[PDB]
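Enquirer: Let me start by giving you these chains from the complex, positioned as in the assembled structure:
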Amino acid sequence: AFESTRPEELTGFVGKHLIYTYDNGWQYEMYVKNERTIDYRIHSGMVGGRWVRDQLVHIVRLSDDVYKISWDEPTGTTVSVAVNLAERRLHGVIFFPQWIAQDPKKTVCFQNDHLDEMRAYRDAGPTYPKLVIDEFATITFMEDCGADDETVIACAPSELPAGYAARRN
């Protein structure tokens, strides 16, 4: 299931830590913690407040500048993001089960301690139709943190220092 993960192709991407705002105004944050893991943190929008550690991901090189990250969520959400490092742009496709569209705050939590709850909401549905978000984002802040830094994403977005998510480079 992870035969596609090729670490020699990902050396320019593993360790990236990016804060980005989709064109719909939703502000997100991702840490590429290693070849098959991300942590992430949502700052604003439909599921603002949500954060996730140790999300297993498929990370692949599409070009020297462009990397993709895809994954399955215990909520039933499926996601594929692409990051263009040279142009400081991200693109997301997110396929949300209809239950999340109807009551997105149900997913707003530190998900790692609510996995049965997410699977319960997911099992109850509705599943269909998916709410499909297909959106470009601007990468406002990007830095290299190296691999396996447990400190990058280790608190809820409400508990960060004033100005954290607004920092740019």
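Expert: Right, received. Where do you want to start? Numbers count the residues shown, from 1 in each chain, chains lettered A, B, ... in the order given.
Enquirer: Could I get the CA-only coordinates of the lengthiest helix in chain A as CSV?
Expert: Determined from DSSP state H, the single longest helix within chain A is helix A:115-124. Output of helix A:115-124 as CSV, limited to C-alpha atoms (Å, rounded to 0.1, in the frame of the first residue of the first chain):
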residue,chain,number,x,y,z
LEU,A,115,-11.1,8.3,16.3
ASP,A,116,-14.2,6.2,17.3
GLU,A,117,-16.3,9.3,17.4
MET,A,118,-15.2,10.3,13.9
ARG,A,119,-15.9,6.7,12.6
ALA,A,120,-19.3,6.8,14.3
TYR,A,121,-20.3,10.0,12.6
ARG,A,122,-18.9,8.6,9.4
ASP,A,123,-20.9,5.3,9.8
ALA,A,124,-24.2,7.2,10.5
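Enquirer: Need the contact partners of it.
Expert: For helix A:115-124, contacts defined as CB atoms under 8 Å, 6 or more residues apart in numbering pick out A:73-76, A:97, A:99, A:106-107, A:109, A:111. From N, CA and C alone the C-beta is placed, and that goes for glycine too.
Enquirer: Past it, which element shows up next along the chain?
Expert: Next in sequence after helix A:115-124, counting helices and strands by DSSP states H and E, comes strand A:131-144.
Enquirer: What helices and strands are in contact with that following strand?
Expert: In terms of contacts (3 or more CB pairs under 8 Å, 6 or more residues apart in numbering; DSSP states H and E), strand A:131-144 is packed against strand A:16-22, strand A:89-96, helix A:98-102.
Enquirer: Would you mind saying which of those lies nearest residue A:156?
Expert: strand A:16-22 (15.4 Å; CB to CB).
Enquirer: how far does the closest one sit from the chain's center?
Expert: How far strand A:16-22 lies from its chain's middle: 9 Å, per CA atoms, centre = their mean, to the nearest Å.
Enquirer: That strand vs strand A:131-144, what angle?
Expert: When axes from the mean of the first three to the mean of the last three CA atoms, to 10 degrees is applied, the directions of strand A:16-22 and strand A:131-144 differ by 140 degrees.
Enquirer: Neighbouring strands - and their directions - for strand A:16-22?
Expert: According to DSSP bridges, strand A:16-22 has the following sheet partners: strand A:27-34 (antiparallel), strand A:131-144 (antiparallel).
Enquirer: CA-only coordinates of it in PDB, if you can.
Expert: Extracted in PDB, the C-alpha atoms of strand A:16-22 (Å, rounded to 0.1, in the frame of the first residue of the first chain):
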ATOM      1  CA  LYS A  16       8.600  21.400   5.000                       C
ATOM      2  CA  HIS A  17       6.300  23.400   7.200                       C
ATOM      3  CA  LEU A  18       3.800  25.600   5.500                       C
ATOM      4  CA  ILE A  19       1.000  27.900   6.400                       C
ATOM      5  CA  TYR A  20      -1.400  28.600   3.400                       C
ATOM      6  CA  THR A  21      -4.700  30.400   2.700                       C
ATOM      7  CA  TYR A  22      -7.000  28.900   0.100                       C
END
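Enquirer: ok, now chain B:
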Amino acid sequence: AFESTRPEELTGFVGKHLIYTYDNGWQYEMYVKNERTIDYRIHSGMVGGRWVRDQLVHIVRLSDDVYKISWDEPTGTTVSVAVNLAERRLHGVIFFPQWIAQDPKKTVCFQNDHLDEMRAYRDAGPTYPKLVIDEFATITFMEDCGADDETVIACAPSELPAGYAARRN
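Expert: So that you can see how it sits with the rest, here is chain B on the chains above:
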């Protein structure tokens, strides 16, 4: 929902028709028929035989060489494919509902003649867990067919001239 579709950015990609083989040996074919539509045809693998016309897609430009096509299927399957034209490399992530994994032949048809049946199988489930296929592919054949050529993918894989899927360029 199609805000991200920007035809002016896709002129180098719309019209492409590619045959590709994933790393697991499954041989696929896609025609980018216009800015928001693909036809596709599956030659081998778990759902060899299956073909689809007029699939609504989200097509975006990630770089001058890299494009992304993402979609939601009436079976509940969600997909995101990326194509690097310069490298003749494709990558796909496919999230199949569990019911397809259990009996994939149920989806092996000209789907457009079986839409109610696909919605019925999708609604009965099971949905979870997804079977997630994440794989590179070799683009073995690529050509430019222009937009809205209704002849590129219009018959089953078994109704093509001998050697069609084996052609190389």
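Enquirer: mind redoing the contacts of helix A:115-124 now chain B's in there?
Expert: Helix A:115-124 has contacts (CB atoms under 8 Å, 6 or more residues apart in numbering or on different chains) with A:73-76, A:97, A:99, A:106-107, A:109, A:111, B:128.
Enquirer: same question, stretch A:87-96
Expert: So stretch A:87-96 is contacted by A:18, A:20, A:22, A:28, A:65, A:75, A:77-84, A:104, A:130-139, A:142, B:4, B:58, B:60, B:62-63, B:68, B:70, B:72, B:78, B:80, B:95 (CB under 8 Å, 6+ apart).
Enquirer: Please tell me I have it right and residue A:81 contacts residue A:68.
Expert: Yes. Counting by CB atoms under 8 Å, residue A:81 does reach residue A:68; the two are 6.9 Å apart.
Enquirer: Overlap in contacts, these two.
Expert: By CB under 8 Å, 6+ apart, no residue touches both residue A:81 and residue A:68.
Enquirer: Those residues of chain A touching chain B, which are they?
Expert: With CB under 8 Å from any CB of the partner chain as the criterion, chain A comes near chain B at residues A:1-4, A:23, A:58, A:60, A:62-63, A:65-66, A:68, A:70, A:72, A:76, A:78, A:80, A:82, A:84, A:86-87, A:89, A:91, A:93, A:95, A:119, A:122-123, A:127-130, A:132, A:134-136.
Enquirer: Kindly recompute the last result at 7 Å.
Expert: A:1, A:3-4, A:58, A:60, A:62-63, A:65-66, A:68, A:70, A:72, A:76, A:78, A:80, A:82, A:84, A:91, A:93, A:95, A:122, A:127, A:130, A:132, A:134-136 (CB under 7 Å from any CB of the partner chain).
Enquirer: what about residue A:83, how many residues close to it?
Expert: 27 (other CB atoms under 10 Å in any protein chain shown).
Enquirer: Repeat that for the one 5 residues further on.
Expert: Residue A:88 is surrounded by 16 other residues when neighbours are defined as other CB under 10 Å.
Enquirer: pretty sure residue A:106 is in a strand, no?
Expert: No. Assigned with DSSP: H, G, I helix; E, B strand; the rest coil, residue A:106 falls outside any strand and is helix.
Enquirer: Return the residues in contact with it.
Expert: Going by CB atoms under 7 Å, 6 or more residues apart in numbering or on different chains, residue A:106 touches residue A:121.
Enquirer: Sort out which residues of the longest helix of chain A are buried, please.
Expert: A:118, A:121-122 (16 or more other CB atoms under 10 Å in any protein chain shown).
Enquirer: Centre of the chain to that helix, how far?
Expert: 19 Å.
Enquirer: do the same with stretch A:150-164
Expert: 15 Å.
Enquirer: Please indicate which of the contacts of stretch A:87-96 are buried?
Expert: A:18, A:20, A:22, A:28, A:65, A:75, A:77-84, A:104, A:130-137, A:139, B:4, B:58, B:60, B:62-63, B:68, B:70, B:72, B:78, B:80, B:95.
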